[PDB]
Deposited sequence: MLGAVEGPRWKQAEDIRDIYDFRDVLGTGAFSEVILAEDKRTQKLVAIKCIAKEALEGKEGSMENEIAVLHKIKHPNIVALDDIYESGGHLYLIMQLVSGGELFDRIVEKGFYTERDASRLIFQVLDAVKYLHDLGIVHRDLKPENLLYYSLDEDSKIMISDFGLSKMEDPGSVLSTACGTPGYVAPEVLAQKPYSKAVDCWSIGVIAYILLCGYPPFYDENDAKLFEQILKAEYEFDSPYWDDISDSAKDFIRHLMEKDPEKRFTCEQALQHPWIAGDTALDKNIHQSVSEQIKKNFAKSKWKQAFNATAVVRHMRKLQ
């Protein structure tokens, strides 16, 4: 933790890379080194810095430094130039259970590590899952330090690290069909479906998906936090540890469902479709 006289003495603030609820992420140059970073600027509505600065993991975005101004906190992060999770899936032509499995393994591995350090996302979502670079074989990254929230947290019951495993469960669902497992225009009923963990592998969107992927999802999207798979157990499941994930081209359907259920995606495919032509 440092205290900048004027942070712009240290960093050249450029483009807004993304936007949060209470934050915005900005592309900046470290003027001292010429290296490119992402800076999360958080408005003012240590113990955290200590553990957060100790985070060293391939599939987690590094917290390089922290500066504090009059009314802001500036988190100097590893720059990632790959884009969000669903954006890439929608923009690329071939998608399989295998690609989904290879993505979940990484998320599990990263989250497991975070739980060993005592960190608990609790708000892990696809917007927090970014590709490291633009290449096809690029790894996924957790950036951060509406259905994704575990039933117990919404029940205001006591909860633990297991809430992240539920969140990972939900992402795996969308990664295989393209739409959230809990959907309703009325917010009140939506929270009831989540609290009851009531969901199905409805046809025909779930016709080509293997049984092992379903069983896997069932064990993470478990209402009981004590029956729910840990990161370790899910990492030991055949769908992640074995060879049960299929190589069926399930892209078109998953992609269209994402474009339908997520506003950003429909024209992210369009921008990229036009930008690549040149």
Extract from the deposited sequence all ranges with no corresponding C-alpha coordinates, numbering residues from 1.
1-9, 55-63, 164-181, 315-320
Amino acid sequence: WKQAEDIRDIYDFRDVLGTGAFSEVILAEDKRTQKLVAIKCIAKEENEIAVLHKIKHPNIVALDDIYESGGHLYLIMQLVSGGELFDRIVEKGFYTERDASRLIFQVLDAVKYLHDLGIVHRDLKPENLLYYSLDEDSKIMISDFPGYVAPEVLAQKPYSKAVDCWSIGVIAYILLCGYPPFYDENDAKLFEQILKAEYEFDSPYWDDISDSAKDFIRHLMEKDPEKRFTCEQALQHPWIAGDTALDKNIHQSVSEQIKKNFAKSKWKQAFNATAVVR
From here on, numbers count along this sequence of modelled residues.
Higher avg CA temperature factor (246-254 vs 46-54, as deposited) belongs to 46-54
Would you mind comparing 134-142 and 182-190 for me and telling me which has the higher average C-alpha temperature factor in the entry?
182-190
Among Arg102, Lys157, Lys161, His72, which carries the highest Cα B-factor?
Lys157
Choose from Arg122, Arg98, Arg88, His115 the residue with the greatest Cα B-factor as stated in the PDB record.
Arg122
Please say which third, lowest, middle or highest, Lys259 falls into when its CA temperature factor is compared across its chain.
middle
For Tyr67, the third of its chain into which the C-alpha B factor falls
highest
Where does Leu176 sit by CA temperature factor within its chain: lowest, middle or highest third?
lowest
What third of its chain, lowest, middle or highest, does the C-alpha temperature factor of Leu195 fall into?
highest
Among the modelled residues of this chain, does the Cα B factor of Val107 put it in the lowest, middle or highest third?
lowest
